[PDB]
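**Q** Before we start, here is the structure in question, set down as structure tokens.
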Amino acid sequence: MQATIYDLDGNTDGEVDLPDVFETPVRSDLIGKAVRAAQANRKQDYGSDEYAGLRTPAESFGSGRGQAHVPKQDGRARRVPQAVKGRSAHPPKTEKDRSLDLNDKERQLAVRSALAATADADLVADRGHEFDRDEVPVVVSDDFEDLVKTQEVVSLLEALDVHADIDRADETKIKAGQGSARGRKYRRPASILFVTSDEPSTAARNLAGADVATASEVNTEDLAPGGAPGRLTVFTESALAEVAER
Amino acid sequence: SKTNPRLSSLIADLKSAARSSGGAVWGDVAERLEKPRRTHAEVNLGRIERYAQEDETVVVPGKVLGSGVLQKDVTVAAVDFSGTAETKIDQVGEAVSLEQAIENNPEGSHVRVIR
Amino acid sequence: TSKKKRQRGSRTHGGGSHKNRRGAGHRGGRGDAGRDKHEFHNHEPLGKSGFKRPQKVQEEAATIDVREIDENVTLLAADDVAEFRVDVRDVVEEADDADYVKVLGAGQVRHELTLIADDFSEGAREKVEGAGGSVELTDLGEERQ
Amino acid sequence: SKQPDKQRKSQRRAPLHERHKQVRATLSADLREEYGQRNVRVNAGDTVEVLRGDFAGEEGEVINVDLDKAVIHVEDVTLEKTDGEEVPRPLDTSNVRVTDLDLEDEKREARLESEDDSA
RNA sequence: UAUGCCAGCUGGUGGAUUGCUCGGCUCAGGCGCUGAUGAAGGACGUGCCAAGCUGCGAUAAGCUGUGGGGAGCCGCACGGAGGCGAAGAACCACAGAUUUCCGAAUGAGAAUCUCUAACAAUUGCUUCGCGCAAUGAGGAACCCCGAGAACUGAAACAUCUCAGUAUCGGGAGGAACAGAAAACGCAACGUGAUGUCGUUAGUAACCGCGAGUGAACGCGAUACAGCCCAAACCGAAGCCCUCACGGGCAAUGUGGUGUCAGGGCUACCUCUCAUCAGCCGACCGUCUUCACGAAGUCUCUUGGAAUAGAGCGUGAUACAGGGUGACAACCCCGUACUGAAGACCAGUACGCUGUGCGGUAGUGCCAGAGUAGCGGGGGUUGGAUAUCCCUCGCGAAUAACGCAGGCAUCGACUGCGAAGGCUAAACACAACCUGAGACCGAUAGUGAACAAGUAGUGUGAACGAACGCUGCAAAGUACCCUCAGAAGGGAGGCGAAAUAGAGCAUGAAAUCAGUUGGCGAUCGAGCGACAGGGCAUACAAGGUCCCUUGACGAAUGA
RNA sequence: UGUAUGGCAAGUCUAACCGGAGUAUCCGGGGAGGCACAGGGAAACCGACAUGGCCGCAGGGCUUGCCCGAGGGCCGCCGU
Ligand SMILES: [Cl-]
Ligand SMILES: [Cl-]
Ligand SMILES: [Cl-]
Ligand SMILES: [Mg+2]
Ligand SMILES: [Mg+2]
Ligand SMILES: [Mg+2]
Ligand SMILES: [Mg+2]
Ligand SMILES: [Mg+2]
Ligand SMILES: [Mg+2]
Ligand SMILES: [Mg+2]
Ligand SMILES: [Mg+2]
Ligand SMILES: [Mg+2]
Ligand SMILES: [Mg+2]
Ligand SMILES: [Mg+2]
Ligand SMILES: [Mg+2]
Ligand code: NA
Ligand code: NA
Ligand code: NA
Ligand code: NA
Ligand code: NA
Ligand code: NA
Ligand code: NA
Ligand code: NA
Ligand code: NA
Ligand code: NA
Ligand code: NA
Ligand code: NA
Ligand code: NA
Ligand code: NA
Ligand code: NA
Ligand code: NA
Ligand code: NA
Ligand code: NA
Ligand code: NA
Ligand SMILES: [Sr+2]
Ligand SMILES: [Sr+2]
Ligand SMILES: [Sr+2]
Ligand SMILES: [Sr+2]
Ligand SMILES: [Sr+2]
Ligand SMILES: [Sr+2]
Ligand SMILES: [Sr+2]
Ligand SMILES: [Sr+2]
Ligand SMILES: [Sr+2]
Ligand SMILES: [Sr+2]
Ligand SMILES: [Sr+2]
Ligand SMILES: [Sr+2]
Ligand SMILES: [Sr+2]
Ligand SMILES: [Sr+2]
């Protein structure tokens with residue numbers, strides 16, 4: 001197919017052939033698997049102290065005083081799982097493998113399929129993104145990588161009728177539950193992904209919900225956040241070309 | 001519970017073709033596809049060369065693999081083909097998707113089931 | 001919903017009587033205990049059988065059937081095309097750490113082949129010579145006497 | 001760090017010299033233009049305007065700056081006790097804006113005017 | 001209807017629940033020795049008022065200097081009195097001063113004190129004098145060298161296993177240990193110090209051949225690095241102390257040469273950039289700390305309070321996190337960007353100085369003994385005949401010789417020189433610093449979010465808790481009445497709220513006081529389920545229900 | 001050792017580790033090695049049906065009982 005290239009003012013500047021990978025059939029089950037693997041592989045090993053509740057010489061008196069055979073020390077019950085200040089029976093262990101394996105071919109096919117989900121304008125709108133376009137992905141000229149100001153990228157996206165997605169992601173949710181106490185207080189919608197070629201867009205990164213990436217290392221999570229395919233993306237002409245041999 | 005959306009669609013399309021048209025194979029291939037993956041066909045080329053004949057479509061209710069030689073000018077229809085199978089078949093015939101075979105022949109005529 | 005997930009409230013968790021899932025007595029001892037007594041069933045019989053030769057005197061031959069060569073001749077265009085000529089030592093994988101390369105005679109030979117290998121079977125010859133061809137033994141293969 | 005526990009911890013346990021950054025208030029339009037800063041460390045001579053509490057809108061002289069509790073006493077921003085005595089209601093400097101400064105110190109004026117440093 | 005039963009209402013009791021997190025738990029990166037110059041630890045002191053904690057040491061919550069910092073300050077701890085600070089205090093960084101007694105504890109003794117100069121004791125050097133030095137003890141674990149169980153498994157049990165584990169003795173470091181082949185033995189025309197990681201592999205091997213036990217070579221990686229003696233031939237050409245003088249050492253050999261690409265001696269060829277010694281001495285990176293650092297505190301409504309809703313506007317290489325009277329990029333700290341410093345890497349790399357690499361021929365000059373090896377007895381190992389070690393006895397050769405290549409002997413072949421020695425880097429741990437989290441969230445998570453190893457128990461070894469939350473702001477309740485009264489009570493005051501009033505957010509159940517509805521002093525006990533009556537009921541969140549008659553009308557059926 | 005799902009398929013998967021980077025995630029590299037690709041025999045050693053026959057399910061075909069009949073079943077034959 002064909003993809004229309006845009007200059008820094010939002011005007012048409014030719015067009016190059018949209019690569020073959022964008023014609024790979026959307027496979028949400030494989031994409032969801034690749035994201036689940038990525039999200040679990042960064043999870044840290046935890047576990048309670050191996051000796052918690054075991055640091056006591058508590059002994060059970062046995063039969064005789066009309067009491068249950070529970071280990072006691074100073075009249076206070078200890079050690080056993082049913083006792084207050086006792087050990088945890090089947091607690092979280094550090095020795096546990098919290099990582100998920102994925103075959104390279106199966107993971108690569110998911111990257112390709114997620115890249116393909118970018119091409120379908122109906123899927124992109126179904127995922128949640130707010131925009132006024134027919135053609136998708138938004139293809140911009142290589143002169144994008146040279147922008148320094150963030151407010152200049154705003155002007156370009158307003159010219160491309162694609163800014164409404166950042167107005168969507170400009171609303172933080174204060175999460176329900178104790179995640180708050182651990183630093184995970186806020187969360188916001190995932191908006192536009194900016195795929196470049198040389199270095200990630202310093203100019204676009206601070207935009208609400210925007211994620212920046214590079215064509216040599218853009219993954220399934222960037223392409224399909226939370227396993228949901230069809231992210232509103234914007235490539236660089238050379239990024240669109242480099243993302244072909246993936 | 002098949003997790004692949006494409007396999008789910010194919011099975012639905014095989015059923016629709018078995019009911020609407022005169023096909024008694026497409027709904028029979030749908031029944032084997034609904035069965036567990038281990039019961040599916042993993043057919044090599046040396047088997048299609050042994051039992052297939054020309055101008056009669058070969059339907060595989062699974063996947064075609066590339067071991068052995070195929071000389072016959074046959075049209076093989078399957079759920080999937082290995083990279084080497086599709087290449088070796090297209091040399092002396094045609095490797096057609098099962099999704100296409102339904103549109104080409106909804107009545108399921110002149111077809112041999114090979115597993 | 002899994003089996004484990006449906007266990008809360010069952011008391012015994014599928015164990016039967018609550019007097020069952022205790023120690024190793026329920027297993028009849030620890031590990032392979034009683035393999036010659038109460039649990040003798042389906043166990044390989046006790047005893048010593050045969051001998052083993054030292055590992056550095058043990059040779060490992062790389063095998064290949066005439067069928068595998070013959071099925072891939074047109075695809076093996078990277079080799080010699082004579083009046084077909086193929087050196088087997090360059091076809092077989094894992095043929096570096098192997099002692100010698102042997103051609104076995106299983107399958108058909110629908111082509112005229114000139115095979116060069118360290119060893120051949122009586123059936124590897126009959127099938128290649130009978131389909132119009134030759135069998136060439138290597139300098140390493142000159143052990144047969 | 002990013003951790004809330006560690007963030008609040010470092011603020012409550014900050015040494016006296018680092019508590020200066022906790023008593024900072026925003027400067028007026030004229031003052032931001034004059035010194036090239038957005039905010040300043042509030043001093044016990046400055047004039048300030050209350051922007052957020054119950055006393056929002058009132059102006060007065062800064063009578064006391066307590067670094068320990070990180071609060072300030074402003075003139076007439078008082079609470080009446082049961083005996084009739086008027087005691088000061090402490091203010092967080094974040095809810096306040098500086099309208100006039102006290103420049104009796106040579107060092108504070110020099111710090112405010114230099115472009116390489118901030119006060 | 002008394003005693004009383006069931007449910008509820010108001011108020012208690014209690015402290016669950018929900019929300020909150022100054023604490024934990026776990027992972028990761030960095031860093032890493034202290035001590036006779038008296039440590040670590042402990043005791044007792046030290047404040048204006050001072051019991052606990054923290055600090056400090058008779059100069060006693062501190063003294064001095066340099067740098068930073070800045071108008072405030074006088075720890076935890078918000079009192080009173082008083083004081084200090086522009087003579088630049090507080091506070092932070094580095095450096096220095098002081099630094100009681102016990103403590104390895106060292107003059108001697110001793111439950112932290114005492115008695116009449118003290119390296120006690122053991123050593124090396126030695127002016128043979130404690131003159132100069134060393135050792136001792138501590139440290140979370142890691143590391144190295146020794147001693148070495150049992151429960152248990154084998155469904156008993158002895159070999160075996162648990163296990164060279166627990167525990168004990170000795171010892172070093174910031175890492176330890178190992179280490180430049182008398183190697184390997186994919187047997188080769190091959191590899192080439194050592195650790196470690198992945199694999200080889202649950203393979204070979206062991207084993208009441210039961211249960212069980214269990215390598216290696218090689219390979220792929222990490223990181224790389226190779227050297228010094230003894231002797232031959234030289235023979236005082238030498239070393240140590242001292243400013244020097246002078247002394248001490250040393251022919252029982254200091255020093256030169258040399259170290260399997262064998263060397264030495266003799267004879268020549270050529271030449272060095274190897275090696276060893278020594279000088280100089282980083283970049284980058286990493287960890288930590290710091291400086292700087294954009295943009296609203298505008299309108300209306302609600303509110304005790306905007307950080308809420310609606311409206312208008314702004315930054316962003318910064319929309320991580322926190323604070324702020326409610327949901328904050330733009331109010332405050334920070335955050336991106338840029339830059340600074342210290343520490344580690346590392347006294348390493350590079351560079352330099354010096355030395356001199358090597359080759360030919362001749363020469364039986366030199367080349368580590370209770371050793372190699374054999375035997376008796378044991379332990380250990382996968383080590384089987386073929387592991388490693390201890391013990392008793394015996395015991396060789398001299399490179400023209402010797403050892404190894406998984407049974408012994410002899411020959412061949414291939415490999416390699418033991419009985420002297422050193423050695424960076426890559427790896428272990430987590431005390432210490434910092435960072436992180438699908439961990440816990442106050443009966444949890446550490447025993448410990450609180451006075452925590454505290455209170456307390458035991459002669460002692462040792463054992464060992466519980467206790468988090470007023471409020472936006474103390475505005476922490478003046479005055480009056482009552483009372484034996486700083487009690488308590490009443491009235492009153494503050495605040496949005498006192499049913500937020502002091503172990504004071506919320507405030508469950510068990511349960512208690514008062515009270516409402518139902519039952520109740522002639523009557524029977526799994527306390528109910530399902531039917532149907534009485535009596536009782538504010539709203540809301542349910543709106544149906546009764547009777548005449550009429551339509552329909554299964555099985556059944558006068 | 002089964003099973004369900006998914007990728008690849010006569011093959012398949014990387015391990016330690018290397019490079020990159022948005023720096024525990026992630027992208028690229030790494031096939032050492034494992035399992036599969038032939039078995040039988042203690043060992044020495046030797047080394048197989050890419051189909052020859054008959055039934056026949058599903059399915060296809062035809063002129064509507066007659067054919068073709070994968071898988072499956074019963075035999076042959078082959079390696080040791
Ligand atoms: Cl097949
Ligand atoms: Cl064998
Ligand atoms: Cl080798
Ligand atoms: Mg516990
Ligand atoms: Mg909750
Ligand atoms: Mg300034
Ligand atoms: Mg003494
Ligand atoms: Mg037993
Ligand atoms: Mg037995
Ligand atoms: Mg063992
Ligand atoms: Mg070996
Ligand atoms: Mg020398
Ligand atoms: Mg043993
Ligand atoms: Mg607790
Ligand atoms: Mg309360
Ligand atoms: Na304890
Ligand atoms: Na009891
Ligand atoms: Na783990
Ligand atoms: Na049980
Ligand atoms: Na090899
Ligand atoms: Na009574
Ligand atoms: Na350290
Ligand atoms: Na005190
Ligand atoms: Na001191
Ligand atoms: Na001494
Ligand atoms: Na002396
Ligand atoms: Na037993
Ligand atoms: Na017994
Ligand atoms: Na045994
Ligand atoms: Na504020
Ligand atoms: Na012996
Ligand atoms: Na050897
Ligand atoms: Na508690
Ligand atoms: Na391989
Ligand atoms: Sr008894
Ligand atoms: Sr069961
Ligand atoms: Sr037990
Ligand atoms: Sr038996
Ligand atoms: Sr190989
Ligand atoms: Sr303070
Ligand atoms: Sr304070
Ligand atoms: Sr090396
Ligand atoms: Sr020697
Ligand atoms: Sr031998
Ligand atoms: Sr006792
Ligand atoms: Sr009152
Ligand atoms: Sr009727
Ligand atoms: Sr692969």
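Residue numbering restarts at 1 for every chain of the structure tokens, chains are lettered A, B, ... in their displayed order, and ligands are numbered from 1 as they appear.
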Within 12 Å of ligand 43, counting only C-alpha atoms (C1' of nucleotides) and all ligand atoms: which residues, as an MDAnalysis selection string?
**A** chainID E and resid 182 230:231 259:260 262 366:368 398:399 401:403 416:420
**Q** Within 12 Å of ligand 12, counting only C-alpha atoms (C1' of nucleotides) and all ligand atoms, which protein or nucleic acid residues do you find, written as a PyMOL selection string?
**A** chain E and resi 228-230+255-259+276-277
**Q** Once you have the residues from the selection above, write them out as a PDB file, in the first residue's frame, restricted to N, CA, C and O atoms (P, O5', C5', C4', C3', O3' and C1' of nucleotides).
**A**
```
ATOM      1  P     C E 228      62.575 -14.132  36.061  1.00  0.00           P
ATOM      2  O5'   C E 228      62.528 -14.400  37.626  1.00  0.00           O
ATOM      3  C5'   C E 228      62.376 -13.303  38.540  1.00  0.00           C
ATOM      4  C4'   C E 228      62.512 -13.784  39.956  1.00  0.00           C
ATOM      5  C3'   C E 228      63.733 -14.639  40.239  1.00  0.00           C
ATOM      6  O3'   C E 228      64.894 -13.833  40.427  1.00  0.00           O
ATOM      7  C1'   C E 228      61.826 -15.663  41.174  1.00  0.00           C
ATOM      8  P     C E 229      66.327 -14.528  40.649  1.00  0.00           P
ATOM      9  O5'   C E 229      66.165 -15.297  42.033  1.00  0.00           O
ATOM     10  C5'   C E 229      67.075 -16.335  42.402  1.00  0.00           C
ATOM     11  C4'   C E 229      66.479 -17.189  43.488  1.00  0.00           C
ATOM     12  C3'   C E 229      67.390 -18.303  43.966  1.00  0.00           C
ATOM     13  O3'   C E 229      68.301 -17.796  44.936  1.00  0.00           O
ATOM     14  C1'   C E 229      65.202 -19.153  43.621  1.00  0.00           C
ATOM     15  P     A E 230      69.837 -18.274  44.927  1.00  0.00           P
ATOM     16  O5'   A E 230      69.743 -19.848  45.127  1.00  0.00           O
ATOM     17  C5'   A E 230      69.355 -20.399  46.389  1.00  0.00           C
ATOM     18  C4'   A E 230      69.331 -21.903  46.316  1.00  0.00           C
ATOM     19  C3'   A E 230      70.565 -22.544  45.720  1.00  0.00           C
ATOM     20  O3'   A E 230      71.634 -22.569  46.647  1.00  0.00           O
ATOM     21  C1'   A E 230      68.634 -23.611  44.888  1.00  0.00           C
ATOM     22  P     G E 255      71.931 -11.377  49.071  1.00  0.00           P
ATOM     23  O5'   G E 255      72.961 -10.844  47.978  1.00  0.00           O
ATOM     24  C5'   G E 255      73.263  -9.442  47.873  1.00  0.00           C
ATOM     25  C4'   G E 255      74.422  -9.217  46.929  1.00  0.00           C
ATOM     26  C3'   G E 255      74.294  -9.798  45.529  1.00  0.00           C
ATOM     27  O3'   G E 255      73.484  -9.007  44.664  1.00  0.00           O
ATOM     28  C1'   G E 255      76.439 -10.270  46.366  1.00  0.00           C
ATOM     29  P     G E 256      72.715  -9.711  43.439  1.00  0.00           P
ATOM     30  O5'   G E 256      73.882 -10.116  42.433  1.00  0.00           O
ATOM     31  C5'   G E 256      74.688  -9.104  41.796  1.00  0.00           C
ATOM     32  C4'   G E 256      75.614  -9.720  40.768  1.00  0.00           C
ATOM     33  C3'   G E 256      74.978 -10.643  39.749  1.00  0.00           C
ATOM     34  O3'   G E 256      74.326  -9.929  38.715  1.00  0.00           O
ATOM     35  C1'   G E 256      76.985 -11.599  40.513  1.00  0.00           C
ATOM     36  P     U E 257      73.046 -10.578  38.005  1.00  0.00           P
ATOM     37  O5'   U E 257      73.619 -11.919  37.361  1.00  0.00           O
ATOM     38  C5'   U E 257      74.574 -11.872  36.296  1.00  0.00           C
ATOM     39  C4'   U E 257      75.009 -13.264  35.923  1.00  0.00           C
ATOM     40  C3'   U E 257      73.893 -14.222  35.548  1.00  0.00           C
ATOM     41  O3'   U E 257      73.524 -14.070  34.178  1.00  0.00           O
ATOM     42  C1'   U E 257      75.366 -15.268  37.074  1.00  0.00           C
ATOM     43  P     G E 258      71.996 -14.299  33.725  1.00  0.00           P
ATOM     44  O5'   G E 258      71.707 -15.800  34.162  1.00  0.00           O
ATOM     45  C5'   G E 258      72.303 -16.906  33.470  1.00  0.00           C
ATOM     46  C4'   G E 258      71.723 -18.192  33.999  1.00  0.00           C
ATOM     47  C3'   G E 258      70.205 -18.185  34.071  1.00  0.00           C
ATOM     48  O3'   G E 258      69.625 -18.554  32.832  1.00  0.00           O
ATOM     49  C1'   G E 258      71.060 -18.810  36.171  1.00  0.00           C
ATOM     50  P     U E 259      68.114 -18.127  32.511  1.00  0.00           P
ATOM     51  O5'   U E 259      67.267 -19.177  33.356  1.00  0.00           O
ATOM     52  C5'   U E 259      67.369 -20.589  33.074  1.00  0.00           C
ATOM     53  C4'   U E 259      66.438 -21.379  33.966  1.00  0.00           C
ATOM     54  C3'   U E 259      65.027 -20.811  34.110  1.00  0.00           C
ATOM     55  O3'   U E 259      64.086 -21.877  34.230  1.00  0.00           O
ATOM     56  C1'   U E 259      66.019 -21.002  36.230  1.00  0.00           C
ATOM     57  P     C E 276      58.833  -9.993  34.348  1.00  0.00           P
ATOM     58  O5'   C E 276      59.940  -9.388  35.320  1.00  0.00           O
ATOM     59  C5'   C E 276      60.623 -10.225  36.270  1.00  0.00           C
ATOM     60  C4'   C E 276      61.795  -9.488  36.871  1.00  0.00           C
ATOM     61  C3'   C E 276      61.471  -8.150  37.512  1.00  0.00           C
ATOM     62  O3'   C E 276      60.930  -8.257  38.818  1.00  0.00           O
ATOM     63  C1'   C E 276      63.303  -7.861  36.077  1.00  0.00           C
ATOM     64  P     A E 277      60.044  -7.048  39.404  1.00  0.00           P
ATOM     65  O5'   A E 277      61.116  -5.903  39.689  1.00  0.00           O
ATOM     66  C5'   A E 277      62.216  -6.123  40.601  1.00  0.00           C
ATOM     67  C4'   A E 277      63.175  -4.957  40.557  1.00  0.00           C
ATOM     68  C3'   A E 277      62.539  -3.588  40.741  1.00  0.00           C
ATOM     69  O3'   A E 277      62.317  -3.277  42.110  1.00  0.00           O
ATOM     70  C1'   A E 277      63.994  -3.520  38.890  1.00  0.00           C
TER      71        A E 277
END
```
**Q** List every residue of chain E that has an atom at most 8 Å from any atom of ligand 20, and for each one report the closest atom pair and its distance in Å to one decimal, counting only C-alpha atoms (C1' of nucleotides) and all ligand atoms, with rows sorted by chain and then by increasing residue number, as a Markdown table.
**A**
```
| residue | atom | partner | partner_atom_place_in_ligand_line | distance |
| --- | --- | --- | --- | --- |
| E:186 | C1' | ligand 20 | 1 (Na) | 5.9 |
| E:218 | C1' | ligand 20 | 1 (Na) | 6.9 |
| E:219 | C1' | ligand 20 | 1 (Na) | 6.6 |
```
**Q** At a cut-off of 9 Å around ligand 32, and using only C-alpha atoms (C1' of nucleotides) and all ligand atoms, what residues come up? Please write them as an MDAnalysis selection string.
**A** chainID E and resid 183:185 404:405 414:416
**Q** Keeping C-alpha atoms (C1' of nucleotides) for every residue in the selection just given, could you write it to a file as a PDB file, in the first residue's frame?
**A**
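Saved as again01.pdb:
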```pdb
ATOM      1  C1'   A E 183      49.303 -31.120  32.845  1.00  0.00           C
ATOM      2  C1'   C E 184      45.803 -33.058  29.347  1.00  0.00           C
ATOM      3  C1'   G E 185      45.277 -38.084  26.580  1.00  0.00           C
ATOM      4  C1'   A E 404      52.781 -39.533  33.597  1.00  0.00           C
ATOM      5  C1'   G E 405      49.187 -41.263  29.508  1.00  0.00           C
ATOM      6  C1'   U E 414      53.281 -39.444  22.878  1.00  0.00           C
ATOM      7  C1'   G E 415      53.523 -35.861  26.996  1.00  0.00           C
ATOM      8  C1'   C E 416      56.060 -33.683  30.916  1.00  0.00           C
TER       9        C E 416
END
```
**Q** Compute the set of protein, DNA and RNA residues whose minimum atom distance to ligand 42 is at most 10 Å, using only C-alpha atoms (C1' of nucleotides) and all ligand atoms, and state it as a PDB file with C-alpha atoms (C1' of nucleotides), in the first residue's frame.
**A**
```pdb
ATOM      1  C1'   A E 180      52.438 -20.861  34.988  1.00  0.00           C
ATOM      2  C1'   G E 192      48.543 -25.105  26.609  1.00  0.00           C
ATOM      3  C1'   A E 193      48.927 -21.238  34.208  1.00  0.00           C
ATOM      4  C1'   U E 194      44.433 -20.506  37.757  1.00  0.00           C
ATOM      5  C1'   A E 223      39.165 -12.343  32.586  1.00  0.00           C
ATOM      6  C1'   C E 224      43.880 -12.897  31.115  1.00  0.00           C
ATOM      7  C1'   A E 225      50.163 -12.435  32.700  1.00  0.00           C
ATOM      8  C1'   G E 226      53.777 -14.171  33.532  1.00  0.00           C
TER       9        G E 226
END
```
**Q** With only C-alpha atoms (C1' of nucleotides) and all ligand atoms counted, collect every polymer residue having an atom within 8 Å of ligand 4; state the result as a PyMOL selection string.
**A** (chain A and resi 52-53+84-88) or (chain E and resi 444-445)
**Q** Please check which protein, DNA or RNA residues sit within 12 Å of ligand 8, counting only C-alpha atoms (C1' of nucleotides) and all ligand atoms, and write them as number ranges by chain.
**A** C: 24-25, 29-30, 33; E: 151-157, 161-162, 211
**Q** Could you please extract the residues within 6 Å of ligand 16, counting only C-alpha atoms (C1' of nucleotides) and all ligand atoms, and hand them back as a PyMOL selection string?
**A** (chain A and resi 55-56) or (chain E and resi 447)
**Q** Kindly compile the residues surrounding ligand 31 within 12 Å, counting only C-alpha atoms (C1' of nucleotides) and all ligand atoms, and format them as a ChimeraX atom specification.
**A** /E:373-379,389-394
**Q** By how many Å are CA of residue 18 in chain D and atom 1 (Sr, counted along the ligand's line) of ligand 40 apart?
**A** 11.8 Å
**Q** Would you pick out the contacts of residue 111 in chain C at 9 Å or less, using only C-alpha atoms (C1' of nucleotides), so that residues sharing its chain but fewer than 4 positions from it are not included, and give the list as a count of residues only?
**A** 7
**Q** Any chance you could tabulate, as CSV, the residues of range 43-90 of chain C at most 9 Å from range 38-61 of chain F with each one's nearest atom pair and distance in Å to one decimal, using only C-alpha atoms (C1' of nucleotides), in chain and rising number order?
**A**
```
residue,atom,partner,partner_atom,distance
C:49,CA,F:42,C1',6.8
C:50,CA,F:42,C1',3.9
C:51,CA,F:42,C1',5.7
C:52,CA,F:42,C1',7.8
C:53,CA,F:43,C1',8.3
C:63,CA,F:38,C1',8.9
C:67,CA,F:50,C1',7.2
C:71,CA,F:50,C1',8.3
```
**Q** Write out the residues from the selection above, keeping N, CA, C and O atoms, as a PDB file, in the first residue's frame.
**A**
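Here's the written file out_39.pdb:
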```pdb
ATOM      1  N   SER C  49      24.027 -56.401  34.856  1.00  0.00           N
ATOM      2  CA  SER C  49      23.949 -56.933  33.499  1.00  0.00           C
ATOM      3  C   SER C  49      25.032 -56.339  32.601  1.00  0.00           C
ATOM      4  O   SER C  49      25.160 -55.112  32.489  1.00  0.00           O
ATOM      5  N   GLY C  50      25.834 -57.224  32.011  1.00  0.00           N
ATOM      6  CA  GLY C  50      26.882 -56.815  31.089  1.00  0.00           C
ATOM      7  C   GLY C  50      28.051 -56.003  31.609  1.00  0.00           C
ATOM      8  O   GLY C  50      28.329 -55.976  32.813  1.00  0.00           O
ATOM      9  N   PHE C  51      28.738 -55.343  30.678  1.00  0.00           N
ATOM     10  CA  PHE C  51      29.895 -54.514  30.984  1.00  0.00           C
ATOM     11  C   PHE C  51      29.909 -53.285  30.078  1.00  0.00           C
ATOM     12  O   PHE C  51      29.215 -53.245  29.062  1.00  0.00           O
ATOM     13  N   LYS C  52      30.703 -52.291  30.456  1.00  0.00           N
ATOM     14  CA  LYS C  52      30.852 -51.081  29.660  1.00  0.00           C
ATOM     15  C   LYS C  52      32.325 -50.963  29.306  1.00  0.00           C
ATOM     16  O   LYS C  52      33.197 -51.332  30.102  1.00  0.00           O
ATOM     17  N   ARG C  53      32.593 -50.515  28.084  1.00  0.00           N
ATOM     18  CA  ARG C  53      33.960 -50.311  27.612  1.00  0.00           C
ATOM     19  C   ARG C  53      34.363 -48.867  27.937  1.00  0.00           C
ATOM     20  O   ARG C  53      33.487 -47.990  28.020  1.00  0.00           O
ATOM     21  N   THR C  63      25.725 -41.480  11.004  1.00  0.00           N
ATOM     22  CA  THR C  63      24.927 -42.197  10.017  1.00  0.00           C
ATOM     23  C   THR C  63      24.002 -41.336   9.168  1.00  0.00           C
ATOM     24  O   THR C  63      23.538 -40.274   9.603  1.00  0.00           O
ATOM     25  N   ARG C  67      18.262 -42.570   1.318  1.00  0.00           N
ATOM     26  CA  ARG C  67      16.994 -41.873   1.101  1.00  0.00           C
ATOM     27  C   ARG C  67      17.120 -40.366   1.325  1.00  0.00           C
ATOM     28  O   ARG C  67      16.613 -39.593   0.526  1.00  0.00           O
ATOM     29  N   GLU C  71      16.707 -37.699  -1.762  1.00  0.00           N
ATOM     30  CA  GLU C  71      15.557 -36.797  -1.683  1.00  0.00           C
ATOM     31  C   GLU C  71      15.954 -35.337  -1.818  1.00  0.00           C
ATOM     32  O   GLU C  71      15.127 -34.498  -2.188  1.00  0.00           O
TER      33      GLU C  71
END
```
**Q** So that I can check the surroundings of residue 283 in chain E, please list as a VMD selection string every protein, DNA and RNA residue that reaches within 12 Å of it, counting only C-alpha atoms (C1' of nucleotides) and ignoring chain neighbours fewer than 3 positions away.
**A** chain E and resid 345 349 to 350
